[PDB]
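Peer 1: One structure coming up, written as structure tokens, with questions to follow.
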Amino acid sequence: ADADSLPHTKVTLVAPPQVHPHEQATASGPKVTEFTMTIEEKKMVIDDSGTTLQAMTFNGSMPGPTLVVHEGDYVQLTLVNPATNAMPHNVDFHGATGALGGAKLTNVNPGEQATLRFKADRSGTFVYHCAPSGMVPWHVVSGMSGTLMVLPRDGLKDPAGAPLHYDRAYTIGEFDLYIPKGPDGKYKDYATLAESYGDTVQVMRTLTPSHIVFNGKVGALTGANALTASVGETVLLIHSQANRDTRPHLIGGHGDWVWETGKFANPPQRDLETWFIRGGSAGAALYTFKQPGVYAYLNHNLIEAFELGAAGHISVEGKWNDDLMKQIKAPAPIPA
Amino acid sequence: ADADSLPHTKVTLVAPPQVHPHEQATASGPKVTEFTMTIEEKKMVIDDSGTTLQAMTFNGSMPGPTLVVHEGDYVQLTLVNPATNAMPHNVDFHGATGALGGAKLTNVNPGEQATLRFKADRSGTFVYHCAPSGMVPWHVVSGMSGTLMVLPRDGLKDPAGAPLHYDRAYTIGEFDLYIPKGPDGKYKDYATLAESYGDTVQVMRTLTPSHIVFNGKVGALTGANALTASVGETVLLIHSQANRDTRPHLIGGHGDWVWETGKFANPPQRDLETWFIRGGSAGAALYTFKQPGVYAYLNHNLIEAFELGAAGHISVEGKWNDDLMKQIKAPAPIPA
Amino acid sequence: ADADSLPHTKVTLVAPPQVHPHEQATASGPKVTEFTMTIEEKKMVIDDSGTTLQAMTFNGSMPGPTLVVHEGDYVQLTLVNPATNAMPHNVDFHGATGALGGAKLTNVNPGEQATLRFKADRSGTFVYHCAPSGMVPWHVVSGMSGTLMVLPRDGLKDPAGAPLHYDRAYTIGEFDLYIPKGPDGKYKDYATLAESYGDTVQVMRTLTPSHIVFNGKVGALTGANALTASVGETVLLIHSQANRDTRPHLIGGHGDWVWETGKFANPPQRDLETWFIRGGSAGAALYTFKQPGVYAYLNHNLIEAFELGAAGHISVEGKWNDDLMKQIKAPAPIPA
Ligand SMILES: [Cl-]
Ligand SMILES: [Cl-]
Ligand SMILES: [Cl-]
Ligand SMILES: [Cu+2]
Ligand SMILES: [Cu+2]
Ligand SMILES: [Cu+2]
Ligand SMILES: [Cu+2]
Ligand SMILES: [Cu+2]
Ligand SMILES: [Cu+2]
């Protein structure tokens with residue numbers, strides 16, 4: 001079980017909301033799984049009015065990509081901070097043990113890279129985020145977080161030990177954003193990342209976000225970018241929030257099996273209407289679709305969802321089942 | 001199990017905080033349980049200073065009445081929107097599957113009605129609320145929500161499978177309200193429902209409620225309207241919050257058995273001091289009273305309870321038990 | 001089991017973050033455990049800029065000391081309100097049954113004392129706090145709360161019934177503070193406790209704390225006051241929040257066994273990254289350290305932790321384990 005003598009394999013990451021190909025149950029023994037990520041500081045448009053955010057990312061996306069391994073594997077990560085960036089970064093994995101999650105060993109300035117290895121000995125969905133000494137909250141709320149999923153080697157199980165299987169996995173990162181407003185009542189636009197600092201920290205101290213978005217912008221998971229599924233398919237919905245609580249709900253569906261604290265050695269709860277992800281954690285839910293149609297997935301503080309942006313769509317094909325729900329009489333004039 | 005061939009029965013609903021008569025464990029087979037609700041838009045007084053709210057309700061109350069059925073039954077609801085109302089409404093049941101909880105099939109304008117049927121296949125306490133496209137948060141925080149309780153056919157059980165029974169059930173809906181203040185520092189009073197819209201949405205965006213009330217007003221469950229019980233009685237306390245988290249506590253008592261996520265196929269937790277209802281869900285707790293006296297039931301963010309209004313009273317008759325608690329020496333001067 | 005015929009023993013309390021000496025598993029039968037606490041109203045400095053708080057305490061500390069007994073014991077407490085204080089106080093134990101937790105029987109004015117006894121029949125960590133009629137939120141957020149820990153007579157157990165043992169226990173009280181700012185943008189300093197009242201209640205109503213501290217001040221658990229442990233030691237971390245939610249996280253570690261609702265008759269959850277303490281409750285977590293180094297323990301809303309103060313340090317001695325984590329390549333220039 002000395003990692004230096006195990007087989008090494010390289011994985012290619014994919015952008016959210018997809019998750020890279022992987023096995024659930026596996027017959028493999030432990031290995032060293034190698035990953036690479038590159039930091040990207042960039043301005044982005046987060047809404048339909050042109051509001052911008054001076055963002056900081058892992059691999060260009062919010063959230064960063066999901067990494068998937070099995071309990072007992074070793075994660076080997078090369079973190080690259082290109083010289084086009086202006087700030088120093090690092091990475092803290094909540095799934096790792098020691099040295100502030102690895103943040104003490106991965107401090108890279110622009111133009112540097114570093115390589116860390118850690119044993120993934122605990123199963124579950126865990127957050128990873130940047131955490132530079134003295135600038136922690138700002139790097140996290142500007143985009144620097146993602147999920148590491150450590151599956152049990154035997155796959156997911158229900159409370160009685162029966163196997164659970166998913167057909168598709170989707171990853172959703174939810175981000176509370178603090179965009180300053182100027183004296184004319186409009187959101188401010190900054191020329192550089194450093195310029196946004198001072199106004200931004202003052203808005204963070206009110207504890208009131210201007211916007212709360214799934215995957216980088218208002219409406220990111222709607223229209224042509226909605227998630228897709230069919231009747232009879234089982235989906236795994238991974239949800240991460242690295243700084244603030246959230247309470248996910250699928251309108252028209254449920255959480256058939258949910259790990260709200262996200263740790264797969266504990267039994268899941270069933271039939272949930274709305275579950276709770278603690279700020280600084282990732283959780284997971286399974287659902288098998290039984291009816292076709294458009295579904296909304298959102299934070300069930302409804303003001304956060306519909307006024308501030310934390311909502312997305314799932315578009316599901318198949319045949320309608322009148323035994324589960326039926327319109328007995330359509331809307332019509334009250335009888336006189 | 002085709003609902004068109006099952007026996008149909010009509011139920012008469014009662015106003016909160018009572019719950020309509022029902023069986024716990026039952027020997028009946030599945031049936032179609034028919035209900036009717038009528039929407040009422042009305043101005044109400046929510047506090048002792050005369051502050052009003054341009055409210056929207058189901059059946060005239062906040063919360064709407066609790067509906068009770070058994071797992072495997074079908075719920076058939078006729079929703080009536082009278083022509084005295086000004087807005088369109090609908091209903092989303094978190095306990096149902098498909099068509100946005102039934103909201104896509106129940107869109108009624110003033111002067112219309114519609115009838116929906118759905119299978120109640122999952123046990124637990126679930127929220128139901130209005131959800132009109134583009135106006136969701138406003139209809140919910142103005143009053144439009146209630147609870148649907150789906151009991152297991154065998155009644156409630158503890159973690160080891162032993163039967164649990166309640167003598168009385170009470171339903172509490174908790175509502176975060178966003179009442180705008182004018183330039184003189186006083187709360188505004190609006191002539192019509194539509195006029196309150198624009199100021200109200202601006203207060204919702206701060207995420208800071210002006211008031212947080214149980215059942216429609218500050219002090220609704222105090223004085224002559226306090227809940228009542230006696231020593232040795234077991235009560236079921238159902239608590240719903242359709243938009244914001246809350247953390248219920250019984251001062252002087254406990255939660256003997258609690259389902260905080262509200263889903264009866266999961267084992268309850270015991271001996272809780274304070275539990276947690278996620279915004280967009282209903283939960284339930286059982287308690288057997290052992291001491292007489294006045295008890296307070298409240299949201300244990302104490303500022304929310306005592307400054308903003310989220311607190312109520314339970315008045316309990318019976319005999320005091322000095323083995324559980326005894327005053328050894330009453331307040332007296334410190335000995336010199 | 002008549003408490004008047006049981007053996008009585010007096011315990012001497014210690015200041016947080018330590019906990020008074022006690023047994024875990026015990027062969028003793030029930031007893032009456034006697035404690036004394038004295039109230040102290042005092043001004044304190046809570047940060048490095050000189051900001052003061054007109055505070056109210058139990059025994060001079062925030063939080064008050066942790067009291068430890070075993071399930072079935074009786075707690076006998078003498079509460080003393082010295083005549084140097086200006087206000088009336090009392091105590092509500094969430095672990096007790098009846099008379100508003102004992103608050104109806106312990107109303108002491110300055111110059112008075114009173115003695116209460118109650119059966120500790122439910123195991124777990126429970127909050128105790130002051131609760132004077134009409135002034136409840138203010139006495140609690142000014143400092144008046146602590147934890148009562150009721151251990152099972154057989155000690156802590158895992159979900160399968162296996163014994164769990166801790167080598168050290170630490171108690172952390174987290175306090176949301178509402179310090180008013182004057183017209184010059186600086187925090188106000190008050191000559192007396194009564195003078196702070198009116199400005200303070202207005203800040204409480206915004207629901208936005210100015211500061212959120214562990215054990216009385218920003219940086220209380222850092223530097224020479226950091227908590228200490230060694231590799232291989234198992235620590236019990238007790239965390240109380242009497243008014244507002246919090247979400248504890250150990251950077252570089254985990255919660256090996258956690259009771260987030262704090263009630264030891266329920267099975268713990270394992271491998272948690274971040275857990276959740278409901279406002280108005282205390283919870284507990286166990287962790288066995290595997291790596292040496294400085295660890296941070298904090299509220300994982302990172303703005304609350306690093307901008308408002310809710311963070312502390314644990315300093316751990318021992319030998320580094322490269323099989324759990326290893327730096328493969330230190331930060332260096334990207335290869336060209
Ligand atoms: Cl919804
Ligand atoms: Cl209380
Ligand atoms: Cl952290
Ligand atoms: Cu960074
Ligand atoms: Cu973290
Ligand atoms: Cu409506
Ligand atoms: Cu809903
Ligand atoms: Cu007091
Ligand atoms: Cu309390």
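Residue numbers start at 1 in each chain; chains themselves are named A, B, ... in the order of the structure tokens; ligands are numbered from 1 in the order shown.
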Compute the set of protein, DNA and RNA residues whose minimum atom distance to ligand 7 is at most 7 Å, using only C-alpha atoms and all ligand atoms, and state it as an mmCIF file with C-alpha atoms, in the first residue's frame.

Peer 2:
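Final output, saved to pocket-v2.cif:
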data_model
loop_
_atom_site.group_PDB
_atom_site.id
_atom_site.type_symbol
_atom_site.label_atom_id
_atom_site.label_comp_id
_atom_site.auth_asym_id
_atom_site.auth_seq_id
_atom_site.Cartn_x
_atom_site.Cartn_y
_atom_site.Cartn_z
ATOM 1 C CA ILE A 251 -39.781 20.816 -8.407
ATOM 2 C CA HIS A 300 -35.663 26.627 -1.830
ATOM 3 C CA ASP B 92 -47.557 22.896 -6.178
ATOM 4 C CA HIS B 94 -44.068 18.799 -2.759
ATOM 5 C CA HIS B 129 -47.696 26.255 -1.999
ATOM 6 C CA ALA B 242 -41.966 27.270 2.730
ATOM 7 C CA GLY B 280 -39.211 24.680 1.586
#

Peer 1: How would you write, as a ChimeraX atom specification, the set of residues no farther than 6 Å from ligand 4 when counting only C-alpha atoms and all ligand atoms?

Peer 2: /A:89,130,139

Peer 1: Keeping only N, CA, C and O atoms, write those residues as a CSV table (one decimal), in the first residue's frame.

Peer 2:
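Printed below is result.csv as written:
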chain,number,residue,atom,x,y,z
A,89,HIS,N,-1.9,31.4,-5.5
A,89,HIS,CA,-3.0,30.6,-5.3
A,89,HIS,C,-2.4,29.3,-4.6
A,89,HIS,O,-1.2,29.1,-4.4
A,130,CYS,N,-9.4,27.1,-3.0
A,130,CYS,CA,-8.2,27.9,-2.8
A,130,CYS,C,-8.2,28.5,-1.4
A,130,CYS,O,-9.3,28.7,-0.8
A,139,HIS,N,-10.8,34.7,-2.4
A,139,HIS,CA,-10.5,33.7,-3.5
A,139,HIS,C,-11.7,32.7,-3.6
A,139,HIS,O,-12.1,32.4,-4.7

Peer 1: So which bits of range 7-153 of chain C end up strand (DSSP E) when you DSSP the backbone, as a ChimeraX atom specification?

Peer 2: /C:8-10,32-45,52-58,67-70,74-81,92-93,112-119,124-129,145-151

Peer 1: Output the neighbourhood of ligand 8 as a ChimeraX atom specification, that is, all protein and nucleic acid residues with some atom at most 9 Å from the ligand, counting only C-alpha atoms and all ligand atoms.

Peer 2: /C:39,41,56-58,87-91,129-132,135-136,138-140,142-144

Peer 1: Compute the set of protein, DNA and RNA residues whose minimum atom distance to ligand 3 is at most 12 Å, using only C-alpha atoms and all ligand atoms, and state it as an NGL selection string.

Peer 2: (:A and (91-95 or 99-103 or 126-133 or 135-137 or 139-140 or 145 or 242-243 or 279-281)) or (:C and (247-254 or 273-274 or 295-306 or 310-312))

Peer 1: Could those residues be written to a file, using C-alpha atoms, as a short mmCIF file (atom, residue, chain, number, x, y, z; two decimals), in the first residue's frame?

Peer 2:
data_model
loop_
_atom_site.label_atom_id
_atom_site.label_comp_id
_atom_site.auth_asym_id
_atom_site.auth_seq_id
_atom_site.Cartn_x
_atom_site.Cartn_y
_atom_site.Cartn_z
CA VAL A 91 -5.47 24.27 -2.96
CA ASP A 92 -7.09 22.87 0.21
CA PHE A 93 -8.84 19.50 -0.22
CA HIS A 94 -11.41 18.80 2.53
CA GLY A 95 -10.96 15.11 1.58
CA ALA A 99 -0.98 20.54 6.17
CA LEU A 100 -4.23 22.56 6.06
CA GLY A 101 -5.68 20.16 3.46
CA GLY A 102 -2.55 20.54 1.26
CA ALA A 103 -2.70 24.37 1.17
CA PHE A 126 -15.81 16.76 -0.44
CA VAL A 127 -15.15 20.40 -1.37
CA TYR A 128 -11.75 21.56 -2.57
CA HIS A 129 -10.93 25.30 -2.65
CA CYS A 130 -8.15 27.87 -2.81
CA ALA A 131 -6.96 29.26 0.53
CA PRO A 132 -4.08 31.78 0.38
CA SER A 133 -3.04 33.11 3.78
CA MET A 135 -7.06 36.31 1.34
CA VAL A 136 -9.17 33.18 1.96
CA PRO A 137 -12.79 34.38 1.70
CA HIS A 139 -10.52 33.71 -3.49
CA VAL A 140 -13.39 31.36 -2.55
CA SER A 145 -13.89 25.73 -5.47
CA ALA A 242 -17.95 26.28 -0.23
CA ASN A 243 -19.02 29.34 1.81
CA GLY A 279 -21.55 26.00 3.71
CA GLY A 280 -18.11 24.43 3.26
CA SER A 281 -19.41 21.02 2.09
CA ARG C 247 -21.01 25.17 10.63
CA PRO C 248 -17.76 23.95 12.22
CA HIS C 249 -14.80 22.63 10.24
CA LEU C 250 -11.29 21.48 11.17
CA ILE C 251 -8.87 22.52 8.36
CA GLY C 252 -6.62 19.50 7.59
CA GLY C 253 -8.81 17.14 9.66
CA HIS C 254 -12.37 15.76 9.86
CA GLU C 273 -15.98 17.55 6.51
CA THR C 274 -18.22 20.26 8.00
CA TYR C 295 -4.82 23.26 12.43
CA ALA C 296 -7.57 25.90 12.22
CA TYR C 297 -11.04 25.18 13.68
CA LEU C 298 -13.68 27.56 12.31
CA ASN C 299 -17.18 28.45 11.15
CA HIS C 300 -17.11 27.53 7.43
CA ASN C 301 -19.02 30.58 6.28
CA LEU C 302 -15.51 31.95 5.54
CA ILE C 303 -16.54 35.64 5.80
CA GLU C 304 -17.84 34.88 9.35
CA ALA C 305 -14.58 33.11 10.17
CA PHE C 306 -11.89 35.37 8.70
CA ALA C 310 -15.02 32.93 14.26
CA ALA C 311 -11.81 30.92 14.04
CA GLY C 312 -9.27 29.32 16.38
#

Peer 1: Kindly give the distance, in Å, that separates CA of residue 74 in chain C and CA of residue 313 in chain B, rounded to a single decimal.

Peer 2: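 If I compute the distance from CA of residue 74 in chain C to CA of residue 313 in chain B, I get 27.9 Å.
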
Peer 1: Extract, using only C-alpha atoms, all DNA, RNA and protein residues at most 8 Å from residue 256 in chain B, discarding same-chain residues fewer than 2 positions from it, and format them as a list in words.

Peer 2: residues 254, 258, 270, 271, 272, 285, 286, 287 and 288 of chain B

Peer 1: Generate the output file for the selected residues, N, CA and C atoms, as an mmCIF file, in the first residue's frame.

Peer 2:
data_model
loop_
_atom_site.group_PDB
_atom_site.id
_atom_site.type_symbol
_atom_site.label_atom_id
_atom_site.label_comp_id
_atom_site.auth_asym_id
_atom_site.auth_seq_id
_atom_site.Cartn_x
_atom_site.Cartn_y
_atom_site.Cartn_z
ATOM 1 N N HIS B 254 -38.753 18.996 25.294
ATOM 2 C CA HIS B 254 -37.840 18.447 24.314
ATOM 3 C C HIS B 254 -38.576 17.919 23.070
ATOM 4 N N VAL B 258 -38.170 13.060 16.817
ATOM 5 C CA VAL B 258 -38.291 14.108 15.811
ATOM 6 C C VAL B 258 -37.890 13.636 14.401
ATOM 7 N N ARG B 270 -33.937 11.143 18.740
ATOM 8 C CA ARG B 270 -34.588 11.361 20.013
ATOM 9 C C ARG B 270 -33.897 12.389 20.913
ATOM 10 N N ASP B 271 -34.645 12.917 21.874
ATOM 11 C CA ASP B 271 -34.117 13.808 22.907
ATOM 12 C C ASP B 271 -33.590 15.153 22.423
ATOM 13 N N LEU B 272 -34.102 15.644 21.289
ATOM 14 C CA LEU B 272 -33.536 16.859 20.704
ATOM 15 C C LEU B 272 -33.890 18.073 21.560
ATOM 16 N N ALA B 285 -42.536 16.712 15.192
ATOM 17 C CA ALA B 285 -41.935 16.227 16.438
ATOM 18 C C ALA B 285 -43.004 15.682 17.384
ATOM 19 N N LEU B 286 -42.668 14.703 18.195
ATOM 20 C CA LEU B 286 -43.617 14.186 19.177
ATOM 21 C C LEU B 286 -43.126 14.568 20.567
ATOM 22 N N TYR B 287 -43.965 14.948 21.497
ATOM 23 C CA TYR B 287 -43.547 15.170 22.870
ATOM 24 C C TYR B 287 -44.659 14.699 23.833
ATOM 25 N N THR B 288 -44.292 14.068 24.949
ATOM 26 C CA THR B 288 -45.286 13.671 25.962
ATOM 27 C C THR B 288 -45.038 14.572 27.182
#

Peer 1: Please produce, as a tab-separated table, a per-residue contact table for chain C versus chain B (criterion: any atom at most 8 Å away, only C-alpha atoms considered), showing the nearest atom pair and its distance in Å to one decimal, sorted by chain then residue number.

Peer 2:
residue	atom	partner	partner_atom	distance
C:2	CA	B:323	CA	7.1
C:3	CA	B:323	CA	7.4
C:80	CA	B:334	CA	7.6
C:82	CA	B:334	CA	7.8
C:94	CA	B:273	CA	6.2
C:95	CA	B:273	CA	7.4
C:96	CA	B:252	CA	6.7
C:97	CA	B:252	CA	5.0
C:98	CA	B:252	CA	4.5
C:99	CA	B:252	CA	5.9
C:100	CA	B:252	CA	4.2
C:101	CA	B:252	CA	4.3
C:102	CA	B:252	CA	7.6
C:105	CA	B:327	CA	6.3
C:106	CA	B:331	CA	6.6
C:107	CA	B:331	CA	6.6
C:108	CA	B:331	CA	5.8
C:111	CA	B:333	CA	5.7
C:112	CA	B:333	CA	4.3
C:113	CA	B:331	CA	5.4
C:114	CA	B:331	CA	4.5
C:115	CA	B:329	CA	4.9
C:116	CA	B:327	CA	4.8
C:117	CA	B:326	CA	5.3
C:118	CA	B:325	CA	4.1
C:119	CA	B:324	CA	5.1
C:122	CA	B:271	CA	6.6
C:123	CA	B:271	CA	7.9
C:126	CA	B:273	CA	7.0
C:136	CA	B:302	CA	7.4
C:137	CA	B:302	CA	5.3
C:204	CA	B:303	CA	6.8
C:205	CA	B:303	CA	7.0
C:206	CA	B:208	CA	7.0
C:207	CA	B:208	CA	7.3
C:242	CA	B:300	CA	7.8
C:243	CA	B:301	CA	4.6
C:244	CA	B:301	CA	5.4
C:261	CA	B:272	CA	6.9
C:262	CA	B:272	CA	7.9
C:263	CA	B:271	CA	6.4
C:265	CA	B:270	CA	7.1
C:266	CA	B:269	CA	6.2
C:278	CA	B:247	CA	6.7
C:279	CA	B:301	CA	5.8
C:280	CA	B:300	CA	5.3
C:281	CA	B:274	CA	6.1

Peer 1: Mind writing the picked residues with N, CA and C atoms as a CSV table (one decimal), in the first residue's frame?

Peer 2:
chain,number,residue,atom,x,y,z
C,2,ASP,N,-35.1,8.4,44.9
C,2,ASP,CA,-35.4,9.7,45.5
C,2,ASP,C,-34.1,10.5,45.8
C,3,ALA,N,-33.9,11.6,45.1
C,3,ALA,CA,-32.7,12.4,45.2
C,3,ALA,C,-32.4,12.9,46.6
C,80,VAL,N,-25.7,32.6,42.1
C,80,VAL,CA,-25.5,33.8,42.9
C,80,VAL,C,-25.5,35.1,42.1
C,82,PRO,N,-24.5,38.7,42.6
C,82,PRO,CA,-23.9,39.7,43.6
C,82,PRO,C,-24.5,41.1,43.5
C,94,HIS,N,-31.6,23.7,28.9
C,94,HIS,CA,-32.3,22.9,27.9
C,94,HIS,C,-32.3,21.5,28.2
C,95,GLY,N,-31.4,21.0,29.1
C,95,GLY,CA,-31.3,19.6,29.6
C,95,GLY,C,-32.4,19.3,30.7
C,96,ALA,N,-33.2,20.3,31.1
C,96,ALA,CA,-34.1,20.0,32.2
C,96,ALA,C,-35.5,20.1,31.7
C,97,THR,N,-36.5,19.5,32.5
C,97,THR,CA,-37.9,19.4,32.2
C,97,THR,C,-38.8,20.3,33.1
C,98,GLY,N,-39.6,21.2,32.6
C,98,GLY,CA,-40.5,22.0,33.4
C,98,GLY,C,-40.0,23.4,33.8
C,99,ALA,N,-40.9,24.2,34.2
C,99,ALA,CA,-40.8,25.6,34.6
C,99,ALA,C,-39.8,26.4,33.7
C,100,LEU,N,-40.1,26.4,32.4
C,100,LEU,CA,-39.2,27.1,31.5
C,100,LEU,C,-37.8,26.7,31.6
C,101,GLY,N,-37.4,25.4,31.8
C,101,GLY,CA,-36.1,25.0,32.0
C,101,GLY,C,-35.5,25.3,33.4
C,102,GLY,N,-36.2,25.8,34.3
C,102,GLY,CA,-35.8,26.3,35.6
C,102,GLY,C,-35.7,27.8,35.7
C,105,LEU,N,-37.9,29.5,38.4
C,105,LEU,CA,-37.5,29.2,39.8
C,105,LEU,C,-36.2,29.8,40.2
C,106,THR,N,-35.5,30.5,39.4
C,106,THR,CA,-34.2,31.1,39.6
C,106,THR,C,-34.1,32.5,39.4
C,107,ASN,N,-35.1,33.3,39.4
C,107,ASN,CA,-35.1,34.8,39.3
C,107,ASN,C,-34.4,35.5,40.4
C,108,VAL,N,-33.2,35.9,40.3
C,108,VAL,CA,-32.4,36.6,41.3
C,108,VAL,C,-32.1,38.0,40.9
C,111,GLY,N,-27.7,40.9,44.7
C,111,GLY,CA,-27.8,40.7,46.2
C,111,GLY,C,-28.6,39.4,46.6
C,112,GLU,N,-29.1,38.6,45.6
C,112,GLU,CA,-29.8,37.4,45.9
C,112,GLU,C,-29.1,36.2,45.3
C,113,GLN,N,-29.6,35.0,45.8
C,113,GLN,CA,-29.2,33.7,45.3
C,113,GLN,C,-30.3,32.7,45.5
C,114,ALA,N,-30.2,31.7,44.7
C,114,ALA,CA,-31.3,30.6,44.7
C,114,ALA,C,-30.7,29.3,44.3
C,115,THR,N,-31.4,28.2,44.7
C,115,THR,CA,-30.8,26.9,44.5
C,115,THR,C,-31.9,26.0,43.8
C,116,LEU,N,-31.5,25.4,42.7
C,116,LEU,CA,-32.5,24.6,41.9
C,116,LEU,C,-31.9,23.1,41.8
C,117,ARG,N,-32.8,22.1,41.7
C,117,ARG,CA,-32.3,20.8,41.5
C,117,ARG,C,-33.2,20.2,40.4
C,118,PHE,N,-32.6,19.4,39.5
C,118,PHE,CA,-33.3,18.8,38.4
C,118,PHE,C,-32.7,17.5,38.0
C,119,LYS,N,-33.5,16.5,37.6
C,119,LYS,CA,-33.0,15.2,37.1
C,119,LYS,C,-32.4,15.3,35.7
C,122,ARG,N,-31.7,12.8,30.3
C,122,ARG,CA,-31.5,12.6,28.8
C,122,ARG,C,-30.0,12.9,28.5
C,123,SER,N,-29.4,12.0,27.8
C,123,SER,CA,-27.9,12.2,27.6
C,123,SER,C,-27.7,13.1,26.4
C,126,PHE,N,-26.2,20.0,26.1
C,126,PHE,CA,-27.3,20.8,26.0
C,126,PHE,C,-26.9,22.3,26.4
C,136,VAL,N,-34.9,38.6,27.0
C,136,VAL,CA,-34.2,37.3,26.7
C,136,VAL,C,-33.1,37.4,25.7
C,137,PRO,N,-33.3,37.9,24.5
C,137,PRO,CA,-32.3,38.0,23.5
C,137,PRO,C,-31.1,38.8,24.0
C,204,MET,N,-29.6,44.5,16.7
C,204,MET,CA,-30.0,43.1,16.6
C,204,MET,C,-31.1,42.9,15.6
C,205,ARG,N,-32.0,43.8,15.4
C,205,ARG,CA,-33.1,43.7,14.5
C,205,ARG,C,-32.7,43.6,13.0
C,206,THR,N,-31.5,44.1,12.6
C,206,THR,CA,-31.0,43.9,11.3
C,206,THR,C,-30.6,42.4,11.1
C,207,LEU,N,-30.4,41.6,12.1
C,207,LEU,CA,-30.0,40.2,12.0
C,207,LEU,C,-28.6,40.1,11.5
C,242,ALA,N,-26.0,29.6,21.3
C,242,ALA,CA,-27.3,29.7,21.8
C,242,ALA,C,-28.3,30.5,21.1
C,243,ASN,N,-27.9,31.2,20.0
C,243,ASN,CA,-28.8,32.1,19.3
C,243,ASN,C,-28.7,31.9,17.8
C,244,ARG,N,-27.6,31.4,17.2
C,244,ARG,CA,-27.5,31.5,15.7
C,244,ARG,C,-26.8,30.3,15.1
C,261,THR,N,-26.6,17.2,16.2
C,261,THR,CA,-27.7,17.7,17.1
C,261,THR,C,-27.5,17.4,18.6
C,262,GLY,N,-26.3,16.8,18.9
C,262,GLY,CA,-25.7,16.7,20.2
C,262,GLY,C,-26.3,15.7,21.2
C,263,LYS,N,-27.1,14.8,20.8
C,263,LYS,CA,-27.8,13.9,21.7
C,263,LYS,C,-27.3,12.5,21.5
C,265,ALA,N,-27.9,9.4,22.7
C,265,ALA,CA,-28.7,8.2,22.4
C,265,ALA,C,-28.9,8.0,20.9
C,266,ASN,N,-28.5,9.0,20.0
C,266,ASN,CA,-28.7,8.7,18.6
C,266,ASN,C,-27.3,8.3,18.0
C,278,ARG,N,-27.3,23.9,15.1
C,278,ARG,CA,-28.5,24.8,15.1
C,278,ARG,C,-28.4,25.8,16.2
C,279,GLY,N,-28.8,27.1,16.0
C,279,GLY,CA,-28.9,28.1,17.0
C,279,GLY,C,-29.8,27.6,18.1
C,280,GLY,N,-29.3,27.7,19.3
C,280,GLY,CA,-30.1,27.2,20.5
C,280,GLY,C,-29.7,25.7,20.8
C,281,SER,N,-28.5,25.3,20.4
C,281,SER,CA,-28.1,23.9,20.7
C,281,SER,C,-26.6,23.8,20.9

Peer 1: With a distance cut-off of 9 Å and only C-alpha atoms, select the neighbouring residues of residue 16 in chain A, excluding the residue or stretch itself and same-chain residues fewer than 4 positions from it, and output the selection as a ChimeraX atom specification.

Peer 2: /A:61-66,170-173,215

Peer 1: Using Å and a single decimal, report how far CA of residue 60 in chain B sits from CA of residue 35 in chain B.

Peer 2: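 Distance reported for this atom pair: 15.4 Å.
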
Peer 1: Using only C-alpha atoms, which of A:104, A:43, A:157, A:165 sits nearest residue 216 in chain A?

Peer 2: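 Going through A:104, A:43, A:157, A:165 one by one, the smallest distance to residue 216 in chain A is for A:43.
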
Peer 1: If you run DSSP over the backbone, which residues in range 126-301 of chain B end up alpha helix (DSSP H)? Put them as a list in words.

Peer 2: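 Those in range 126-301 of chain B that DSSP calls alpha helix (DSSP H) are residues 136, 137, 138, 139, 140, 141, 193, 194, 195, 196, 197, 198, 199, 200, 201, 202, 203, 204 and 205 of chain B.
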
Peer 1: For the atom pair CA of residue 217 in chain B and CA of residue 47 in chain B, what is the interatomic distance in Å to one decimal place?

Peer 2: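 Result for CA of residue 217 in chain B versus CA of residue 47 in chain B: 5.8 Å, one decimal.
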
Peer 1: Residue 19 in chain B: which residues within 12 Å, counting only C-alpha atoms, same-chain residues fewer than 2 positions away excluded, as a count of residues only?

Peer 2: 29

Peer 1: I'd like the contact shell of residue 70 in chain B - 12 Å cut-off, only C-alpha atoms, skipping same-chain residues fewer than 5 positions apart - returned as a PyMOL selection string.

Peer 2: chain B and resi 22-33+75+119-125+148-156+264
